[PDB]
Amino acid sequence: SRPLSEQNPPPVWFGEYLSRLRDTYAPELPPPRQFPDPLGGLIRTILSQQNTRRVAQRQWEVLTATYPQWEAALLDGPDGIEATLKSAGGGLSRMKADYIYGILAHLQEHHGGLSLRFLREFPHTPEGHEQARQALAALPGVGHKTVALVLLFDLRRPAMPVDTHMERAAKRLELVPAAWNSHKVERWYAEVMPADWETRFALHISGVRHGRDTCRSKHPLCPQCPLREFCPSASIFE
């Protein structure tokens, strides 16, 4: 019909929103994920979803102690993976084992191997980024949020993953309307943002911390918001 940034243009202060988020919540940027193989990083992202970061890090250590090669996890099948995930305290062990095992046995049957290293070889052009996006999207169970996370964290490609916490804040800011689902919010940010890996990385990290730590689902901390003078929603909460 018409690109989403046309139907809802960004505000004048949008650059100041980026600079307050960065200065407040991530003045020092964490490093990118440099795992041996992008497949490790995708598994790492799955572990962290609907999880505490404390258990997610524990499951990663235990999963890779248990399966030094991802080939070992494939041979163990979803039941052994589930046992391994559950042994580290996870709460979604059956679902995630079927998910992870489905990605592995998919790679093996259709690529003869369990490696995503070919994702690194696509050109760093607009087309090549879209090639890597498409390749991640062909994997069974991997949705747009997880595609963007792996592009941003594991491949240094300028995707624009937006976390649920960040989306909730953007809507309270009325940067984007309530009608829009997560995939549209992601597309809008990818249109309004400079296509620079670092700046998008800085936004994702800073935007999550703000939405998680300041703009909480219940009882947001509007008076400590650096974005307070900009947010229409501050008056409702305060």
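All residue numbers refer to positions in the sequence shown, first residue = 1.
Note on 24-32 vs 52-60: mean CA B-factor is higher in 24-32. Look at the mean CA B-factor for 126-134 and for 74-82 in the entry; the higher one is 126-134. Ranked by Cα temperature factor within the chain, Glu186 sits in the middle third according to the deposited record. Among the modelled residues of the chain, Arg209 sits in the middle third by CA temperature factor in this PDB entry. Placement of the Cα temperature factor of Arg44 within the chain: lowest third of the modelled residues, per the deposited record. Annotation for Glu121: CA B-factor lies in the middle third of the chain's modelled residues. Among the modelled residues of its chain, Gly90 has a C-alpha B-factor that falls in the middle third according to the deposited record.
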